[PDB]
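Undergrad:
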Amino acid sequence: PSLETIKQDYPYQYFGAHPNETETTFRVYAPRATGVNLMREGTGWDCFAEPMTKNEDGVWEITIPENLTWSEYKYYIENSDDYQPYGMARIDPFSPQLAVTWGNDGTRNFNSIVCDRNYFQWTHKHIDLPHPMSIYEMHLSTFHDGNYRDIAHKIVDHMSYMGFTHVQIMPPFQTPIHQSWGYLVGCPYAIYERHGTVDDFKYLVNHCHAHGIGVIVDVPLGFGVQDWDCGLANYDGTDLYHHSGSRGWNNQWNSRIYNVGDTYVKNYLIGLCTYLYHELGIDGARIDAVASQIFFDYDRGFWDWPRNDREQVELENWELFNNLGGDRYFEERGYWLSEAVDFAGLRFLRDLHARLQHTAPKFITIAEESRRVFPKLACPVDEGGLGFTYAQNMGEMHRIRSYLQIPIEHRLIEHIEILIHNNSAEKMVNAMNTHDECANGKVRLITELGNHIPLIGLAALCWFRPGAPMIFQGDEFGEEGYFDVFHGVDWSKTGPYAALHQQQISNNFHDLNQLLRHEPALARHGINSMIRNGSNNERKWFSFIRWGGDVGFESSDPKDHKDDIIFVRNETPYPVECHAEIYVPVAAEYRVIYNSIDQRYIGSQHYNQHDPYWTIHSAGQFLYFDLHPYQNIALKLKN
Amino acid sequence: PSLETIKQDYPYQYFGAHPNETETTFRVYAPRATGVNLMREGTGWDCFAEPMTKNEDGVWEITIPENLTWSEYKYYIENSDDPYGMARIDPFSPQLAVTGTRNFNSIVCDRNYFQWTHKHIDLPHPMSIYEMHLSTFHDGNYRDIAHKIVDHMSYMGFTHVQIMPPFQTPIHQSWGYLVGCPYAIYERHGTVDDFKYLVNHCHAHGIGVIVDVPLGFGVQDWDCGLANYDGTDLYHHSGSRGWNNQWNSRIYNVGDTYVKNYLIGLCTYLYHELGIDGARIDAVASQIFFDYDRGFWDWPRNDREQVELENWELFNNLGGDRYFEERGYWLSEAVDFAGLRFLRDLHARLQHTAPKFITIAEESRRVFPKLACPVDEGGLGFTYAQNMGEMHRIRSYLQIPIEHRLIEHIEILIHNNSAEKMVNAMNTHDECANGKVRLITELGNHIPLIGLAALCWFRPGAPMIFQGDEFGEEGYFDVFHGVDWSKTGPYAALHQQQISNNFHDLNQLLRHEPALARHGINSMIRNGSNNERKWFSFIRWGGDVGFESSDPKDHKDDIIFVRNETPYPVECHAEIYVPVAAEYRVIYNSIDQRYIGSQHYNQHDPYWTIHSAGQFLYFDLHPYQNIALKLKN
Amino acid sequence: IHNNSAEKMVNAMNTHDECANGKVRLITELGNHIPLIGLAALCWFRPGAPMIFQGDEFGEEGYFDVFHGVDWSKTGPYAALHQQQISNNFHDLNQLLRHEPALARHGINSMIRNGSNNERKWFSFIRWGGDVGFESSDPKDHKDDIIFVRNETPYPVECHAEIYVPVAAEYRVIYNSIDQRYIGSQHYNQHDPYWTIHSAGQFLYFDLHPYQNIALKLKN
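Chains as they are written, first to last, in PDB author numbering: chain A, 4 to 86, 89 to 136, 138 to 645; chain C, 4 to 85, 90 to 106, 111 to 136, 138 to 645; chain B, 426 to 645.
#1: According to DSSP, simplified to helix, strand and coil, what is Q232 of chain C?
#2: With respect to the beta strand (DSSP E) encompassing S541 of chain A, which residues constitute its N-terminal and C-terminal limits?
#3: Counting only runs that start and end within the stretch 320-396 of chain C, where is the beta strand (DSSP E) found for 3 or more residues in a row?
#4: Would a check of beta-carbon distances place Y636 of chain B closer than 8 angstroms to chain C?
#5: Could you spell out the range, first to last residue, of the alpha helix (DSSP H) harbouring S147 of chain C?
#6: With 8 angstroms as the threshold, decide whether the Cβ of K77 of chain A is near any Cβ in chain C.
#7: With DSSP collapsed to three states, give me the class of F492 of chain C.
#8: Output the distance between the C-alpha atoms of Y636 of chain A and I422 of chain A, rounded to the nearest integer angstrom.
#9: Looking only at its chain, what residues have a beta carbon closer than 8 angstroms to the beta carbon of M168 of chain A, apart from the 5 residues adjacent to it on each side?
#10: Determine, using beta carbons only, whether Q299 of chain C and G351 of chain C come nearer to each other than 8 angstroms.
#11: Check whether chain C comes within 8 angstroms of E338 of chain A, counting only Cβ atoms and requiring the distance to be less than that.
#12: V62 of chain C lies in the beta strand (DSSP E); which residues open and close that run?
#13: If you measure beta-carbon to beta-carbon, which residues of the stretch 556-581 of chain B are closer than 8 angstroms to chain C?
#14: Report back the beta-carbon spacing between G473 of chain A and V435 of chain A to the nearest angstrom; my notes put them in contact at under 8 angstroms.
#15: Keeping to the same chain, check which residues put their C-beta closer than 6 angstroms to that of residue 108 of chain C; ignore five residues upstream and five downstream.
#16: Going along chain A in order, which residues have a C-beta closer than 9 angstroms to the C-beta of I183 of chain C?
#17: Taking only the alpha-carbon atoms, compute the straight-line gap between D310 of chain A and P34 of chain C and give it to the nearest angstrom.
#18: Looking at the unbroken beta strand (DSSP E) that takes in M434 of chain C, where does it start and where does it end?
#19: With H, G and I counted as helix, E and B as strand and the rest as coil, what does DSSP make of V31 of chain A?
#20: In the DSSP assignment, find the unbroken alpha helix (DSSP H) run with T8 of chain A in it and report its ends.
#21: Report, in whole angstroms, the separation of the C-beta atoms of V319 of chain C and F354 of chain C, which I expect to be a contact under 8 angstroms.
#22: Relative to the C-alpha of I533 of chain A, which candidate in A:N70, A:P4, A:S430 and A:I419 has its C-alpha closest?
#23: Specify the secondary structure class of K448 of chain B as computed by DSSP and reduced to three states.
#24: For residue 647 of chain A, which residues from the same chain have a beta carbon less than 8 angstroms from its beta carbon, with the 5 sequence-adjacent residues on both sides left out?
#25: Given that a residue counts as buried once 16 or more other Cβ atoms are within 10 Å of its Cβ, and exposed if not, what is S498 of chain A?
#26: Against chain B, with Cβ distances strictly below 8 angstroms, would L330 of chain C count as a contact?
#27: Starting from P475 of chain B, follow the beta strand (DSSP E) in both directions and report where the run begins and ends.
#28: For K77 of chain C, is the classification buried or exposed, using 16 other Cβ atoms within 10 angstroms of its Cβ as the cut-off for buried?
#29: Just list the residues that DSSP pairs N638 of chain C with in beta bridges.
#30: For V105 of chain C, return the contacting residues in chain F, with the cut-off set at a CB-CB distance below 7 angstroms.
#31: Would you say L227 of chain C lies against chain B (beta-carbon separation less than 8 angstroms)?
#32: Measuring only the C-alpha atoms, how far is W234 of chain A from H164 of chain C?
#33: Return the bridge partner residues of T621 of chain A from the DSSP annotation.
#34: Is the CB-CB distance between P135 of chain C and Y189 of chain C below 8 angstroms?
#35: By the three-class DSSP mapping on this structure, what secondary structure does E454 of chain B have?
#36: Check whether the Cβ of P90 of chain A sits closer than 7 angstroms to any heavy atom of the ligand NAD, and report yes or no.
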């Protein structure tokens, strides 16, 4: 590995603080700086004690002949040029961790810490954790406002009953505004000190991996916080990291937008994903606010956004744009997507995935992308995509929920069926609910349904669809309150002493997760592992089949179809005659593996005084049986 | 006055901390609270030390048998009903004590401690305003800020200062638009008494003080804020009506009487307790519109059938309905009539509690022509509206080359028939934040700025600029660096002194000319224009008589304004109508070397005299030339 | 309304049966009396003999049975405002009916469609004063023709009316459902309701106000 591929692919192995037994090397890029001085506790925080040396490429370096491991430091950075003379203490942009103190008068101090990449002793840094997949979305301080080691204990204790394959941790990076939820990042490489040390964060990942649990982390890759003290803005007296002018601000978040056209900045941001995998053990990133990285006119608030001069768009970019799904006309606004796309952002995200294929091929990414006007965004680079392993189902629950709120007589079953059978080119994270959907006085899903009975079946639909289902902390027990940082998960609604309704909902999720981890027909997330299996619009039921393997209806051989699942959903919320007529691939005996009317989920009802796991004979290639209210039920071939 | 009127009109006199020489009495509203205990340092901060008594009206009281003046306190509040219980601050704290976790305490304050010399001067609103942000202006005590305000405002000559939200905020980089305790002055710059000093000092030197009041919403935080105060939404609407998503703030329930009185109370309090001359009410459009400046949320189209006939009567009096083609629904469907009614009532009540107190609408939609008109004339009562959107339109006109624009385009923006009195801001903290191009940068050099500021000063309204505009600051606004004070002082650049001199001269005219006193647009009349030569003229009336008289006695303080927009040194022969056949004197001339340095076209005395030929001045206009004349002697 | 009936009709707005046995009276259903004013007008101006049941004249909301009588304190000049307003509207409608030759006939062919507009929610019909339709443009043939317009929009909106007439001349309002006498002081009725207008050709252009039912004749 040449220095040049280190600087390109593993930039944190060169830039930053690098101790050994003998000495400590510091390097920081500041190409318009006039001077850079190493500040440390060693020299009593004298701003001028230890001048560093600018090399050819704009990198200030120095070796101190001590092992500085665990000691604190900053860079005193000057730019005294005639384009206000800039001069202030700055954190290292590659800090794995910041030491935060409060002054005598309420003044926040940020130092960088020299970290030892080898102190933490990994037992399970990288386990072969596939993405079947189910995702528990959580927020550190509201989940458990403690040290990462104690949060880890609570994650594995809860998830090992709840049965989710992965946890999605909302942004765990250093932030000066706790109330931003972590989406306003100071030092992107720095783990949030609120919960302890970077090595405490490693222990969490390690503890998760030791119990077969994946860690996905939210990364605000598109922008950073404005603050100079703990952040990257105006680093060397100029826009080093961010665009200049209004292109350098996202007015929706009041954040600074990264200049990913700058080689160093491109390597800095792709290198954070590489760092997440190789230094912290993290299995993947959800990339936040993707739409605003690839659109000038969307999720950027009000600004004087520039229409593309489409004459200046290179062919490579037209190629990527057409492959993603090509142009759309917004008649209301009177312009085309081609005129609104940030081609540099689009190209930066494809390169991010192209590089991660070499630096960390097992690392998965999820696009948090809200506009959803490129059908092939979360497709492999070499299949015309940006390379995102998954896209999130943004907007989908709004459509499903509008549908559900229509009275049964007034809605067509075909409307829910088109949303399910969507011919998606992307593998989807099908979130039933997210931190965002239950914040700021929004009605939470369970509240809207009116009681928990309808949720049992909606959760089944979500799990039996091709994709990685997701919920937000609280959803496992029907939590009806909103998300903010002003209160935590009420743990008293978990475990064996929780209210009956809270255990019921949790049992459903536990059981859906048991099927998801073990059924082969639930492993695959490609839409084509699903096929419509007929419906009836006046009875208000539909069915679909998840294939167990590569063979569909062409064959009638029992041993071709053993792992197939027949899923049926009745949307009728009252107990009238609802006779089911359900096609199957093979004529034989089918066994019920999941039943939403089980007393375990819905308590004693007049319609579930019978073993929910009944057996049945196909009359040819057709099952006849009675559907009860809100029944979601799934079947396989018996042995 | 009866307790009932005190509760409604002066609630900070009943609620809060009220020390005697022998007793300190504490009151806080918390109707849905299971229990409320006084916490204080005199009792080592035990929560349960001394519970309070809930009167029938939801108000918890308790007297302590000692003057607690200057000592710190909170309220422990609980609610068991279907497990909330935490230490909160007094909603009426004049100031918080602050101490990686933050402790927020209230402080028993002595309203009588500060010895006022000039609490209420008789300062008219002729008016010119200097918009400023405290920590970027001078990051020290309110007293040191006061000294620099007065010292600086001495040369610049602005009559009033506009101070961005000066209230307690847990988030400094919110610029103060996210307030914890709305009655508390920001602890960062010292005490409520230090703040009183600053108002008193400004007043003693003839300076008005207007503060920004984020009256529509508060920060979401519980420790320093008001939300979930008694375990429920006491101060804010419930569900998604109680969150502004553009700001991630909590919107006030102004349909609750106590909250209506708390908010109107705060303005009354700004005048009577703090001597503040006025408030700019922030984010007015988001208070009165469901569909605007609230971000993206599932907002409720009003049913036009179900709108109260008194709201229709207000709406129509504000100027009526409009169809929004682009979204496809009427305005009437989008009005938050609660918010709109509330701001009408704010002013209805201040006409009684504080009649000299002025208000400015920071109202960005500008779809009601009569928003800032008196209540009895069909408006909301705001003394002023801010000219939001206006400079954007003027800057677009000026970006078009003169060959391809009509003088009538700028004449229509100037002669705009406004029913409102306008703060005419050249620039604001907002228009020069977040990478935006500042006006001076965009003009390309300072010469066009000299005249543009003239135009702004001579049209009816209160001109406004933002800190740095006085010396041509090109940088952005943010809270990460100060005003550059080297752009003043002995070592500043010529152009910085020149821009500054221009603002000095314009504020002298604005201070002393009767024809620049009135902000009603009918104090101005179109006085001719010529599209090819790109000049237009207007008159500012000195008194109550227009062209119906021709007597000198009637017109001796009339101001004749002429603006030449031609940048080229060519033919601008001007025919300027005057109301009296006589001699006129130049009082203001934009081509003076004092403003633009030495040029081929200003090698003459700028303050010339000319005899009318009948009722017309014939003279030559030079590049970018803005000029004002009066009758001589 | 344009039902092409072969029968002369008694057009009852309400009947002893329609308001018996705890059924919802017409007044309760509409929500308040303002829609009643214009609906009564519609009923009077259609070809037919209008009919109401005792109490309807003062907006009675109780139901009909033999156990309680007409509340007579809802009649006369000390009755409550809504009660006198509904009564006044019926009084004025009967004065037009007793006197206007274009309200004498109950044959439906004494009425014709005079255009409509779905987005603005208004329609207009004409009552012939005599035996002569649009075949004549002469004022002597249309002196007693009534032009009726109904706006069903229950709130202020852009509502420009375009109304065909049989003669280019001066027209005068003989009935106006927004008279303060019926609906009280409102934002939209601060003008004299009995206004005059010159036909701009064989059309009339004016602004309909909420719930407005209005009738015009040739002036003189």
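Note that beta-carbon positions come from the ideal geometry of N, C-alpha and C, so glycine has one too.
TA: Working from what's here:
#1: coil
#2: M536 to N542
#3: 370-373
#4: no
#5: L146 to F149
#6: no
#7: coil
#8: 14 angstroms
#9: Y142, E482, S512, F515, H516 and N519
#10: yes
#11: yes
#12: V62 to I67
#13: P579, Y580 and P581
#14: 7 angstroms
#15: This structure gives no coordinates for residue 108 of chain C. The numbering of chain C moves from 106 immediately to 111.
#16: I183 and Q185
#17: 48 angstroms
#18: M434 to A437
#19: strand
#20: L6 to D12
#21: The pair is not a contact, with the Cβ atoms about 16 angstroms apart (cut-off 8 angstroms).
#22: A:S430
#23: coil
#24: Limits of chain A in this structure are 4 at one end and 645 at the other, which puts residue 647 of chain A out of reach.
#25: exposed
#26: no
#27: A474 to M476
#28: buried
#29: C:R575
#30: Among the protein chains in the structure shown, which are A, C and B, there is no chain F.
#31: no
#32: 28 angstroms
#33: A:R597
#34: no
#35: helix
#36: Absent from the structure shown: the ligand NAD. Ligands present: none.
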